[PDB]
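# Descriptive analysis of the structure
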Amino acid sequence: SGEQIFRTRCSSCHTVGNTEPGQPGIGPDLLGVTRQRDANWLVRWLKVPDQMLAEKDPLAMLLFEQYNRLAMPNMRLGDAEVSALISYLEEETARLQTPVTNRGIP
Ligand code: HEC
(Lines give C-alpha, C1' and ligand atoms only; values in the text may rest on other atoms or scores of the structure.)
Protein backbone atom coordinates (compact mmCIF):
# COMPACT_ATOMS: atom_id res chain seq x y z
CA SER A 1 0.00 0.00 0.00
CA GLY A 2 3.01 2.32 0.65
CA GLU A 3 3.87 2.12 -3.13
CA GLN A 4 0.72 4.19 -3.95
CA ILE A 5 1.83 6.70 -1.23
CA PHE A 6 5.33 6.85 -2.83
CA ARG A 7 3.79 7.49 -6.31
CA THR A 8 1.46 10.32 -5.02
CA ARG A 9 3.45 12.28 -2.33
CA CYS A 10 7.12 11.17 -2.72
CA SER A 11 8.29 10.31 -6.33
CA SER A 12 8.76 14.08 -7.08
CA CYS A 13 12.33 13.82 -5.62
CA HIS A 14 12.98 10.04 -5.16
CA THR A 15 13.25 6.44 -6.38
CA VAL A 16 13.57 2.98 -4.74
CA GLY A 17 16.68 1.74 -6.61
CA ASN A 18 16.88 4.20 -9.56
CA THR A 19 19.15 7.26 -9.06
CA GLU A 20 22.12 7.84 -11.43
CA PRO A 21 25.57 6.33 -10.38
CA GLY A 22 27.19 8.60 -7.72
CA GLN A 23 24.68 11.34 -8.78
CA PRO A 24 21.70 11.56 -6.32
CA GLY A 25 19.32 13.81 -8.37
CA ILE A 26 16.95 15.97 -6.24
CA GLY A 27 17.01 13.18 -3.56
CA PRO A 28 19.11 9.95 -3.07
CA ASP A 29 18.15 6.26 -3.48
CA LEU A 30 15.87 4.81 -0.75
CA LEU A 31 16.54 1.06 -1.47
CA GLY A 32 18.39 -0.52 1.47
CA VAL A 33 18.46 2.76 3.56
CA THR A 34 16.12 1.03 6.11
CA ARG A 35 19.09 -1.33 6.88
CA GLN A 36 21.81 1.40 7.00
CA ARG A 37 20.45 4.58 8.77
CA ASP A 38 19.01 4.61 12.35
CA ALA A 39 15.48 3.13 12.35
CA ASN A 40 14.01 5.82 14.69
CA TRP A 41 15.70 8.76 12.87
CA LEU A 42 14.45 7.58 9.40
CA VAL A 43 10.76 7.81 10.48
CA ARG A 44 11.16 10.95 12.71
CA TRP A 45 13.16 12.91 10.05
CA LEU A 46 10.29 12.28 7.56
CA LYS A 47 7.87 13.95 10.11
CA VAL A 48 9.94 17.20 10.79
CA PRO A 49 12.92 17.48 8.29
CA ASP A 50 13.33 21.28 7.71
CA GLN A 51 12.74 21.88 11.47
CA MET A 52 15.29 19.12 12.45
CA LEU A 53 17.77 20.98 10.19
CA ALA A 54 16.72 24.25 11.97
CA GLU A 55 17.39 22.46 15.34
CA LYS A 56 20.97 21.99 13.86
CA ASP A 57 20.73 18.28 14.80
CA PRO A 58 24.04 17.45 13.25
CA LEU A 59 23.36 14.02 11.66
CA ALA A 60 21.29 15.83 8.95
CA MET A 61 23.75 18.80 8.68
CA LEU A 62 26.50 16.25 7.79
CA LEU A 63 24.51 14.20 5.22
CA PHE A 64 22.63 16.85 3.19
CA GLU A 65 25.69 18.88 2.03
CA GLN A 66 27.26 15.61 0.68
CA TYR A 67 24.42 14.57 -1.68
CA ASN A 68 23.38 17.80 -3.47
CA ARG A 69 23.38 20.80 -0.97
CA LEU A 70 19.50 20.86 -1.03
CA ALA A 71 17.02 20.81 1.92
CA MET A 72 13.94 18.51 2.21
CA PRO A 73 10.69 20.29 3.40
CA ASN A 74 8.00 18.64 5.58
CA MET A 75 5.30 16.89 3.43
CA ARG A 76 2.91 16.94 6.50
CA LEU A 77 1.90 13.25 6.43
CA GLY A 78 -0.15 11.29 9.05
CA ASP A 79 1.46 8.61 11.30
CA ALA A 80 -0.35 5.56 9.74
CA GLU A 81 0.26 6.91 6.17
CA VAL A 82 3.99 7.12 7.10
CA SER A 83 3.81 3.54 8.62
CA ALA A 84 2.59 2.13 5.25
CA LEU A 85 5.39 4.00 3.37
CA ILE A 86 7.98 2.60 5.91
CA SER A 87 6.60 -0.87 4.98
CA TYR A 88 6.99 -0.05 1.23
CA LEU A 89 10.71 0.87 1.67
CA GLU A 90 11.21 -2.23 3.92
CA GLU A 91 9.25 -4.79 1.77
CA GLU A 92 10.39 -3.46 -1.67
CA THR A 93 14.01 -3.64 -0.30
CA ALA A 94 13.21 -7.25 0.80
CA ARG A 95 12.23 -8.21 -2.86
CA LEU A 96 14.16 -5.81 -5.22
CA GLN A 97 17.63 -6.19 -3.52
CA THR A 98 18.43 -8.63 -6.46
CA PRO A 99 21.65 -10.26 -4.93
CA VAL A 100 21.59 -12.82 -7.85
CA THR A 101 25.13 -11.76 -9.00
CA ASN A 102 23.21 -9.72 -11.68
CA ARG A 103 21.40 -6.50 -10.50
CA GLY A 104 22.56 -4.36 -13.51
CA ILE A 105 20.42 -3.43 -16.57
CA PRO A 106 21.81 -4.18 -20.13
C1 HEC B 1 12.35 16.93 -2.74
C2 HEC B 1 11.76 18.28 -2.32
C3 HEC B 1 12.16 15.88 -1.67
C4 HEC B 1 10.98 15.24 -1.36
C5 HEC B 1 9.58 15.58 -1.86
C6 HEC B 1 11.30 14.12 -0.51
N7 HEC B 1 12.65 14.13 -0.32
FE8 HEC B 1 13.67 12.70 0.82
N9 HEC B 1 15.47 13.69 0.39
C10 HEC B 1 15.57 14.86 -0.31
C11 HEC B 1 16.95 15.30 -0.21
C12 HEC B 1 17.51 16.62 -0.68
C13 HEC B 1 17.60 14.42 0.63
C14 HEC B 1 18.78 14.76 1.51
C15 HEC B 1 18.31 15.38 2.85
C16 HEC B 1 17.35 14.48 3.61
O17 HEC B 1 16.12 14.63 3.42
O18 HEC B 1 17.84 13.57 4.31
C19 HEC B 1 16.68 13.33 0.90
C20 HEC B 1 17.00 12.24 1.72
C21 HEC B 1 16.05 11.33 2.19
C22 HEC B 1 16.36 10.25 3.10
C23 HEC B 1 17.67 10.02 3.83
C24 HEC B 1 18.72 9.23 3.03
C25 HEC B 1 19.95 8.85 3.86
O26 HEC B 1 21.07 9.09 3.38
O27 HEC B 1 19.77 8.30 4.97
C28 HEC B 1 15.20 9.53 3.28
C29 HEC B 1 15.06 8.25 4.08
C30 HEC B 1 14.14 10.23 2.59
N31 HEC B 1 14.71 11.31 1.97
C32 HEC B 1 12.80 9.83 2.58
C33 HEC B 1 11.78 10.54 1.92
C34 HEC B 1 10.40 10.12 1.83
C35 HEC B 1 9.83 8.81 2.33
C36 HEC B 1 9.72 11.07 1.10
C37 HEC B 1 8.38 10.89 0.40
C38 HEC B 1 7.15 10.85 1.31
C39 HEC B 1 10.67 12.11 0.75
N40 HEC B 1 11.89 11.72 1.24
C41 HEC B 1 10.36 13.22 -0.03
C42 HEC B 1 14.57 15.57 -0.98
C43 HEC B 1 13.22 15.19 -0.96
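Residues numbered from 1 in each chain as written, not as in the entry; some residues may be left out. Heavy atoms only, no water.

Looking at the method field of the entry, one finds solution NMR.

## Observations regarding the coordination of the iron atom of the ligand
Distances from the iron atom of the ligand to its protein donors, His14 (NE2) and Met72 (SD), fall within 2.0 to 2.6 Å. Around the iron atom of the ligand sit six donor atoms, and with donor-metal-donor angles ranging over 80 to 180° the site reads as octahedral. One end of the pair, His14, is in the loop between helix 1 (2-9) and helix 2 (41-45); the other, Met72, is in the loop between helix 4 (58-64) and helix 5 (79-96), and 58 residues separate them in sequence. Given a relative accessible area of 16%, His14 falls into the buried group. By relative accessible area, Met72 is classed as partly exposed at 28%. (Donors = N, O, S within 2.8 Å, 3.2 Å for Na, K, Ca; no water. Tetrahedral: all angles 85-135°; square planar, octahedral: opposite > 155°, others 65-115°. Helix = DSSP H or I, 4+ residues; strand = E, 2+ residues; numbered from the N terminus. Buried < 20%, exposed > 50% of the residue type's maximum accessible area, 1.4 Å probe, protein only.)

## Observations concerning the layout of surface pockets
Taken as a whole, the largest pocket holds about 970 Å³ of empty space. Considering the residues around the largest pocket, the lining is formed by 39 residues, among which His14, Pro28, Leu30, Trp45 and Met72 are closest to the centre. Secondary structure elements with two or more residues in the lining of the largest pocket: helix 2, helix 3 (49-54), helix 4 and helix 5. Put simply, the second largest pocket is a space of about 190 Å³. (1 Å grid on protein atoms, 1.4 Å probe; cavity = no way out; pocket = protein on both sides within 12 Å on 5 of 7 lines; lining within 4 Å. Points joined across faces, edges and corners; volume = space filled by probe spheres on them.)

## Notes on the packing of aromatic side chains
Inspection of the entire model under this criterion finds two aromatic pairs. Seen in terms of ring centroids, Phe6 and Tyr88 are 5.6 Å apart; in terms of plane orientation they differ by 35°. Their pairing is tilted. Within this pair, whereas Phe6 is found in helix 1, its partner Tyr88 is found in helix 5, the two being separated by 82 residues in sequence. For the pair formed by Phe6 and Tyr88, the shared burial category is buried. Between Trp41 and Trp45 the ring centres are 5.1 Å apart and the planes differ by 10°, which places this aromatic pair in the stacked class. Here the residue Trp41 and the residue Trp45 both occupy positions in helix 2, the gap between them amounting to four residues, near one helical turn. One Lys or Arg, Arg37, reaches over the ring of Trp41 and ends 6.0 Å from the middle of that ring. (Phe/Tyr/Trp six-rings, centres within 6.5 Å; stacked < 30°, edge-to-face > 60°. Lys NZ or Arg CZ within 6 Å of the ring centre and 35° of its normal.)

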